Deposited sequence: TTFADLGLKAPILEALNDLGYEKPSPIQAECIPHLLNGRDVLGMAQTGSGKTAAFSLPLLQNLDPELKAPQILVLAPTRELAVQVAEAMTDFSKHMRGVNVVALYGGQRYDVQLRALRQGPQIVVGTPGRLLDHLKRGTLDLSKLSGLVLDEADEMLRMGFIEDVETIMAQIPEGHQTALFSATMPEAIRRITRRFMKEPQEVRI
C-alpha cells in the first residue's frame, strides 16, 4: 500500500517525497482513509507509530485552502509536542499555497494571520478562546493528540471546555496510547460513531 493508494493527492504526495517517507505505517494505512471519508477516528497508538501524519495528512487535504481562518485545531499535552506537530503540519503542507500553521503554548500576531491550522496546549488555547483571539467558528477538524496524557497532566477540564465550544459540524480524531475510562467518556460525549483503530 502506497500513500497514493490511501487517496492522497499530488501536493501532499510531493511533501512526503521531500520528507523521505517511502511507505505508510500501519496506523497511517488504517486511519487516513477513514478521516478522508469524513469519519471520526479513535486511534490507539503511541509516538513512533506515525500517528502525526495519520491525522494530519487527511485533515490537511480536506480543508478549504482559501478560507483564512482556523479549520483544524490540535490539542497536545506539552509545549514540545505542540511545536513538533506544528512543524510536521508545516512540512506536510509545503506544497499547499497559502496554508499556514500556528503553535500556541508572538501569539497574537500568529492568530491575526488567519492560519488554517492551530496547534496548542489546552490551557493556552483556552486563554485565546476566551479572549476571542482564537476563532473556532469555521472549525472543520479537531484532534486530541495524546488524550490520556492530557488527562494525566490534569488538563481534561480545559480539554472538555474547548470541545464544548466547537461548532456542531466537524470531524474529530482522538489519539491515545492507553484508554482511561475518562477518555472513553470523552469519546462518547464528543465523537460521532467513531472508527476504532487499534492494530
So which bits of the deposited sequence did not make it into the model?
-> 106-111
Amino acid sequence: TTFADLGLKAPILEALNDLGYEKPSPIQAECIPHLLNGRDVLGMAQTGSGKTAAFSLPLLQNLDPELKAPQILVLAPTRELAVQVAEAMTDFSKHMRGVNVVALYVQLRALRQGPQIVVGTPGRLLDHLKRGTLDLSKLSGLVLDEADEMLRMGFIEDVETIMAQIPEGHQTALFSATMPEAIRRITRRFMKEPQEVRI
From here on, numbers count along this sequence of modelled residues.
Quick one: say whether 117-125 or 68-76 has the higher mean Cα B-factor in the deposited entry.
-> 117-125
For the C-alpha atoms alone, is the average B factor greater in 47-55 or in 126-134, going by the entry?
-> 126-134
Which of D145, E30, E157, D40 ranks first by CA B-factor in the deposited coordinates = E157
What third of its chain, lowest, middle or highest, does the C-alpha temperature factor of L63 fall into?
-> middle
Sorting the chain's modelled residues by C-alpha B-factor and splitting them into thirds places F175 in the lowest
Chain third (lowest, middle, highest) by recorded CA B-factor, residue given as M163 = middle
